[PDB]
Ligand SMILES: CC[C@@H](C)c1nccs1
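As structure tokens, one chain now follows by itself in the form solved without the named molecule.
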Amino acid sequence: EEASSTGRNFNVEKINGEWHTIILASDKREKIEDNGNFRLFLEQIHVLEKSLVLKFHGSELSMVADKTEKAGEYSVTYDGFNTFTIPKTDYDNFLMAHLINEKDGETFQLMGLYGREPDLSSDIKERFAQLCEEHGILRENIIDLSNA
């Protein structure tokens, strides 16, 4: 089964555990390039009653994402104000996240593809590219980090 965090049958507990950053995408490419604040490598998600604890490196970083008032949406303060959802996950292989950042009165979109293993199939990477396209993010703004 596949699910969206905003969908009726979403099971948040099933996203608990090991994840890896496979691909990042943004309509502001500099945010995810070599010196970008959002070039972050996920390690794990810890699901709590009202929050998610996200463990990254990029130096160790831990972030707490709180549930907002809309089901399946989370918020976190990091280089501005972020809200995100999980438009598509199959729990066992991949997780696709869509994030909006707001800083200094501006905004940008970030999309992330995360894997249970350190890489994902070409098929899943293509599905991610399609999801990015649906959000107006060109492939040239999609960066595969599985080799990094």
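For every residue, the number given is its place in the sequence shown, counted from 1.
Omitted from view is the form solved in complex with the named molecule, to which the following refers.
Undergrad: Any chance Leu42 has a heavy atom within 4.5 Å of the named molecule in the entry with it bound?
TA: Flag for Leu42 set to yes.
Undergrad: Under a 4.5 Å heavy atom criterion, is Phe94 part of the interface with the named molecule in the entry with it bound?
TA: Contact check for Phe94: no, nothing within 4.5 Å of the named molecule in the entry with it bound.
Undergrad: Mark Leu48 yes when one of its heavy atoms lies within 4.5 Å of a heavy atom of the named molecule in the entry with it bound, and no otherwise.
TA: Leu48 lies outside the contact set for the named molecule.
Undergrad: Taking 4.5 angstroms as the cut-off for heavy atoms, does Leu120 touch the named molecule in the entry with it bound?
TA: Residue-level check for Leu120: no, no contact with the named molecule.
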